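*Asks:* Below is the structure I would like to discuss, written out as C-alpha cells.
Because the Cβ atoms are built from the backbone with ideal geometry, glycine has one as well, and the counts that use them run over all protein chains shown. Every read-out reported here was derived from the displayed coordinates using simple, explicitly stated rules and does not represent laboratory data.
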Amino acid sequence: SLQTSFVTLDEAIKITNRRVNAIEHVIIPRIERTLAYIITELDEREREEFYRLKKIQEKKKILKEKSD
Amino acid sequence: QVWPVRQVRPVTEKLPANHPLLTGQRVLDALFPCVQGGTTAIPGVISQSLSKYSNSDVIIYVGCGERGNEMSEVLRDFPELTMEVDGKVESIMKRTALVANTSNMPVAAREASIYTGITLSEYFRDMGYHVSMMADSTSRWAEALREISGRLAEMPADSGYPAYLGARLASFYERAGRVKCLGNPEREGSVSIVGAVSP
Amino acid sequence: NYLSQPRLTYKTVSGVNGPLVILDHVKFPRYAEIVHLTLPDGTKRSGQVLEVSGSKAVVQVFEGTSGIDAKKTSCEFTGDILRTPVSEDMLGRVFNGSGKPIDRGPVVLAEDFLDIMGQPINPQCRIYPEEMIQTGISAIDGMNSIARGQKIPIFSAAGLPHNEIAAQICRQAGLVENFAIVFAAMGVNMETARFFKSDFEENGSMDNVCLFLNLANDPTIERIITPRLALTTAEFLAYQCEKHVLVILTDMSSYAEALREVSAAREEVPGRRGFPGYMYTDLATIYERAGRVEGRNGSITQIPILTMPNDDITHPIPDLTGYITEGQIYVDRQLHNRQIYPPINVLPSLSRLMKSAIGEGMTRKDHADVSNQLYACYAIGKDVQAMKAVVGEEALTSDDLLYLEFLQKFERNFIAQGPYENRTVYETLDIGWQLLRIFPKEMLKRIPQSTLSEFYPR
Amino acid sequence: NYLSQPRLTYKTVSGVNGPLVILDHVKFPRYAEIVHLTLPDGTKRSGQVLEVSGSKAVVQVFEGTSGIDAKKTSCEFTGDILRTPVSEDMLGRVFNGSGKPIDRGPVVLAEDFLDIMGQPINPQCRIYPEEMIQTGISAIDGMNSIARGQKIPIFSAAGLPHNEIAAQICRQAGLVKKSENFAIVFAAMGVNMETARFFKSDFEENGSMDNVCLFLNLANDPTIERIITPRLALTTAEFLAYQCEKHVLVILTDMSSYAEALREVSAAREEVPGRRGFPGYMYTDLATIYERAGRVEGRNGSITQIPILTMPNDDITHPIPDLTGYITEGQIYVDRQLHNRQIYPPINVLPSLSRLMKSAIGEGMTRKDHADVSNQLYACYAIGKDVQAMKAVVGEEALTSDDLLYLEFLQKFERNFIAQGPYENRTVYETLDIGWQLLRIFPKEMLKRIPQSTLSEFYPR
Amino acid sequence: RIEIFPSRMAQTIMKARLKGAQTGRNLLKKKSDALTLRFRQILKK
C-alpha cells in the first residue's frame, strides 16, 4: 500500500514541478515584458501629444503677435 | 414661462433622499439600490421597467447622440406601451416627454439636449411630481465637448477631453435630488438621473 | 431657384500648401462654395471653400495643387454650394471620385440638382427596419442578421478577404427584390477595382450598379466627396424613384485618412492619433443617411467596409463607427490563417437590429434561441481552448472535450461555406442544430423547453 | 499695515473667452488681486487676477462667465490679495470653499487677517513628532498608529467607504487620556450634495462640533474654489496650532478631486499638460499643502494631516498616489476585498504602514506593550492568511494542529479587531485589550515577536 | 515576446493576467510541497 502510492506520487510531482516552472519561466517572463512594452509605448503617445500641443501654442502666439 | 437651461431652478431647501426607486430588476433593487432623488451611472430599447412602474410620476428621456434606427424605435413603441394605474390600461405617453437627438444633428445641439431635458425635469419637480430622467449615452455629450473645445483652440486634458469635463458633468448630476419646492402650498418633488457611459 | 449673375473670377491666389489654395480680395464669399480653378497650362480643377474670414477664402482643390501658380491661376466662383446632377440613368455606369464618367459615356443629364450634404430626415417620420435581408452567409444570417435599412459595417484588416464577402452579399440579396447597388470605392487598388467591376458583369447585374471608384493614384481630396456623391444618388433612387438601394462604402479607413490630411493642412487641433476632433460628426453624416421613411416604399442599406490598422478595434476609426452604426461584422485574421471562408469571429460581431427582424412571422420560431445558444457555447469553448494549451489537454473536465469538438464543427461546418454557397436561413438553422445536438440537454441553458422539445429530437 | 486708498472700478472689459475676463487700461495691477465683478443686471461675482501684462489684466471669474457683457459690466479692484478672517470662534462653524458661513450664522469677527498661501516652515524650527493621536479605530490606532505631526493618507477607491471613516475619525479623535487643547479642521473638496449633507448632519448630531472647523466644497461649486479650500483649511489650522497652541488634525478628503481642479485651471492659463494630463508642477503644488504639518520648537501646538484620496482603477502608479507617497509618511489602504466581505472599516493591515509609529507608541505615551502586540498581530495575520490558501488545495484534515489555530485566529481578527462598527469609540487601551484576547488563543512560544519581559505581564488573564 | 496593442486598458488587463499567474505559483508551490511532504515521509515508512 506504500509502494503503489509512492510511485504514483512522483508521477504527480513531475507534472506539477514542470507546471510551476512553466509559469515562472515561460508565462510570467512573457507577461512582465509585455507590460514593459505597454509603458514604453504609452510614453511615446504622450510625447506625440506633447509635440502637437506645443506646435499649436507656438502658432497661436505668432497670430497674436500680428494682431497688436 | 421661459427659463434658461444652464441656470439652476431655485428651491426652498434640499432634502435627504430616503425613499427607494424600485427598478424591478432583482440585482438592482436588492444589492445596489437607487433612491428617488439620486444619481446613477450605467454603461448602457431597454429600461422599459423605468417607464411602466418605479413609482415615479413623470419620465423624461434624453437621447443624446443615439443611433439612426434605434432612435426611431423609441418613438415607435412608446405610444403603444401601456401600463396599469387602477385597473385601467393606460398608455405611458401621458407622462413621458422625449428629447430626440440623433448624431446626424449638429454637434452644438448635442450639448444642449442635456440641459433641455433637465430643465423640463426640474419644472415638473416643482409641481410636487417625482421626475425620473434617463439621459442616454452622456459619452456622446462628452464627445460634443471634445469637438467644440477643439474648434476654439483650447488646451485639452488627458485623452483629448477638455479640462472642464468634470465640472460639466457635475453641473448636471448635481441638479437631481429630493427637495422642498418653492411656493406656498408646501409640496415636495424629486429628480432621479440615470446617465449612460461607454460600455 | 436659378442665379443669373455673372461669376467673379479672381487671379488673386495668395498661398498654396498641400491641398489648400488661399485666395484674397474675395467679395462676400460663401461657405462650402464650389470654386473652379483654371490652371495656366489650360487644365481645369474644381474646389470647395473650407473657411472664410473677411475677404479671404481657403479652398481645397480636388485634383491637387501640382502646378498651381499664384500669378496666372484664375478661380471663378460658382455662386452656390456643390450640387450633383442626378438621374435614373446613372444605374449601370462607372464614375470617378468627382462624379465624372469613366466608362467612356457622356456626362449625366440631370433630372435634379441635389446637395451632397443631404437634407436631414425628421426622426418622427422614420419607420423601423424589420424586414430581414437574407445574405446567404451563415455567419451573418444565423448569428448577426441584417434588416432592410440597417447601417452595418464590416470590420476587416489588411490582407483579409473583405472584398470577397462584400461581393458575395452583393449577389445574394435574398429577402426571405432586385437591390439597386450603389458602390463607392475609396483608395482601392486596380486589382480591387477589376475584382468588383468584373463581378457585377459576370452575374449580369450591372444593369443597376452605379460605381463610384476612386483608385490610389487618384488624388486624396476626391475621397472626401466620394461617399457624399454616392449617397446623394442613393437617396435619389430610394426616396424619389422608390427602389431598394444597397450602398457599399468600401475602405472607410481611406476616407478618414483623407480627412486627416486636410485637417493637418489647416493646422487644426487634432483629436486622438492625429485625426480631427470633428471626425465623429463627419462620419455620422454619411452613416446615418440610411434607413427608410414612412411615406415612400423605398429603402437604403449601408454596408461600409473599413480596414482597421494593426487589428485594433480601439483605433479611432473603428471606435467611432461602432457608436454611429448598428453593430459590426468582425473579420478575423486568426480564422483566415486556418483557411476558413468567411473568417468571421462571431464573438465580437453584433447586429443591434436582429432582435426585431427575426421571430415567428419573419423567420421560423427557433431563430432567437439557437443564435442565443451558439454564441454562448462558442464563447466558453474559446475560453477552454486557451487553458487547453496551458495546463493540459484532457485535464480537469471531460465535458470540455465536448466544447473543443464543438469548436472544430462550428468553424468548419457553420461559418465555412465557400464563395458561391447561398445557404438560406432555414438551411442555416438546420446546420446550427446539428452542432447543438452534440451537446446533451441541461447544458443548453439559454433555450427554453417550449422550443427545445421540437427541434432537438430530429 | 492698513491701506486706505479708494478702489477703482473699470468698465473697460475688452475680451471674454471661457472663464477668463480680459480687462484693459488698468493702473498698476497686482498679480493675485481679488476683484469684484458687477453684472449689467446687478448680480455680484468675484474673481482672481490670473495674469497681468502692462495695462492689461486678465481676471478669471469664480462663479462663471455667463451673462458678462463688454459694455455694461463693471469690475472693482480691491487692492490686495486674498486674505482669511481667522479666529478661534471658527470651531463649530460650517464654511463653504471660499470661506462664507453655511450654517445660517454670522460672519467671523476676524481677530487676524492671514494669507491663504502662507509661508514655508523653517526646517531648523521643525521638531520630530513624538506622541500619539487617537483615532478610535483599532485598525488605525493599534497597528498603523499616527504620530503628532505625521502625514498619512488613506488610499481608497471609488465606491469604498472613505467618506464614512473620514467622519468616524473626526467624531472620536482625541489625544490619549493618559491617566487637552484639541481641534479638527475638516476640508471636503468635490463632494456631492449627499456627502456634504452627511458631513453636516453627522458632526452636529454627535456633540463633536465643539472642536470641528468644517469646510465644505460641493461639486456644483466653482472649480477655482477647490484650490483655495485646502489653503483656507490650513491657514486656520496654522492659527489654532502654534498660534493658539492646540493639537490640530486636518482631514483633507478627496485629494483626487483637488488635482482635477488643479488640472482645470492649468488649461485656463494655456499650459501644455504634462504626465497623464496632470500639470508638471503638481509635486510642488501637492507638497505646499502637505508640508504645513509637524511640530515646532518653541510652541506646544502640533498639526497632523490625513489626506484622503481615491486612486483610480486601484493603481499606485497613477500620479496622484505616487506623488503623495513620496512626501507623506506611510499609507492606509481601504480595499475592495474586505468591503465586499462586509467588514467595516475595510482596512487591510498587510500593505498598510505608518512610518512613524515606532515614535508614537511607547511606555509614557500609551503603554509599553504596544510595540510587541502590533508586531505579533501583524505576524499572525500574515500566517493566517497564508494558511487560508492551504485550506483549499490541501484540505481541512491534512493541515496540522498549528495551522488550525491560525484559521480560528483569522475569523476572530477580522471580526473583533478590524470590524468595529461606525459608532464604537474604542480607546487605545481597549484596542490593545482586544489585541491580547486574540493572542491568548495561541499558546506562548508561538508568540515569538513578543519578548518574555512583556509576555509575562499581559498574557495570563 | 509581446501579445497585444498598448491601449491603457491593456495595461490593466495584463496587470490582472499577471495577478492570475503570480498567485498561480504560490497556490501550486504549496501543492507541490504538500505532495513532497508526503513523499518524504512515505519513503521513511
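*Asks:* Quick check on the exposure proxy: order B:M105, B:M133, D:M446, D:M390 from fewest to most C-beta atoms within 10 angstrom.
*Replies:* By the 10 Å Cβ count, ascending, the order reads D:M446, B:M105, D:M390, B:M133.
*Asks:* Where in segment E:16-38 does the label zone of D:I383 land, with the point 7 angstrom along Cα→C-beta and an amide N cut-off under 12 Å?
*Replies:* none
*Asks:* Another one. For chain D, compute Rh as the Kirkwood radius over C-alpha pairs and then the Stokes-Einstein diffusion coefficient at 25 °C and 0.890 mPa s; write the answer in µm²/s, rounded to an integer.
*Replies:* Result for D is 101 µm²/s.
*Asks:* Set the Förster radius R0 to 30 Å, insert the Cβ-Cβ distance between E:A16 and B:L28 as r into 1/(1 + (r/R0)^6), and round the FRET efficiency to 0.05.
*Replies:* 0.70
*Asks:* Here's another thing I want to ask about it. Averaged across the residues of C:185-192, what count of C-beta atoms belonging to other chains lies within 10 Å of each residue's C-beta?
*Replies:* Partner Cβ neighbours, averaged per residue: 0.
*Asks:* Additional query: Could you calculate the FRET efficiency of C:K441 with C:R412 from 1/(1 + (r/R0)^6), where r is the beta carbon distance between them and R0 is 25 Å, rounded to 0.05?
*Replies:* E between C:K441 and C:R412, to the nearest 0.05, is 0.55.
*Asks:* Please give the average number of partner chain Cβ atoms lying within 10 Å of the Cβ of each residue in E:31-39, rounded to a whole number.
*Replies:* Rounded to a whole number, the mean comes out at 6.
*Asks:* Only loop residues by DSSP count here, and only those with at most 13 other Cβ atoms within 10 Å; note down the GluC sites (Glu not before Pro) in segment D:232-318 that meet that.
*Replies:* D:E245, D:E297
*Asks:* Can you sort B:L152, C:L213 from fewest to most other Cβ atoms within 10 Å of each residue's own Cβ?
*Replies:* B:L152, C:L213
*Asks:* Pull up the cross-link candidates among the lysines for D:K177, meaning alpha carbon to alpha carbon under 17 Å and not fewer than 8 places away within one chain.
*Replies:* Hits, sequence-local ones excluded: D:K246, D:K368.
*Asks:* If you don't mind, there's one more thing I want to ask. If I take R0 = 45 Å and measure r between the Cβ atoms of B:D86 and C:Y375 in this structure, what FRET efficiency does the formula 1/(1 + (r/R0)^6) give, to the nearest 0.05?
*Replies:* FRET efficiency, B:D86 to C:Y375: 0.60.
*Asks:* When the helix-only estimate is applied to chain C (DSSP H runs of n ≥ 4, each -39,500 (n - 2.57), divided by the residue count), what is the mean residue ellipticity at 222 nm, nearest 500 deg cm²/dmol?
*Replies:* Rounded to the nearest 500, it is -7500 deg cm²/dmol.
*Asks:* For labels at D:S53 and C:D312 in the simple 7 Å Cα→Cβ model, what's the distance in nm?
*Replies:* Result: 3.7 nm between the two label points.
*Asks:* Could you check the simple spin-label distance between D:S401 and D:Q337, using points 7 Å along Cα→Cβ, in nm with one decimal?
*Replies:* Placing both labels 7 Å along Cα→Cβ, they lie 3.1 nm apart.
*Asks:* What is segment C:265-417 by shape, rounded, prolate or oblate, if you read a ≥ b ≥ c off the alpha carbon gyration tensor as root eigenvalues and call it rounded for a/c under 1.5, prolate for a/b larger than b/c, and oblate otherwise?
*Replies:* Oblate shape, in that a/c is at least 1.5 and b/c is the bigger or equal ratio.
*Asks:* With 10 angstrom as the radius, rank B:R95, C:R7 by how many other C-beta atoms surround their C-beta, starting from the fewest.
*Replies:* Neighbour counts put them in this order, fewest first: C:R7, B:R95.
*Asks:* With a point put 7 Å past each Cα toward its Cβ, work out how far C:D41 is from D:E291 in nm, to one decimal.
*Replies:* If labels sit at C:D41 and D:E291, their model points lie 6.7 nm apart.
*Asks:* Angle check, please: helix E:31-42 long axis (alpha carbons) against the longest principal axis of chain E (alpha carbons), in degrees 0 to 90, nearest 10.
*Replies:* 10
*Asks:* Give me the Å³ per residue figure for the convex hull around the C-alpha atoms of the protein assembly as shown.
*Replies:* Looking at the protein assembly as shown, the number lands at 237 Å³ per residue.
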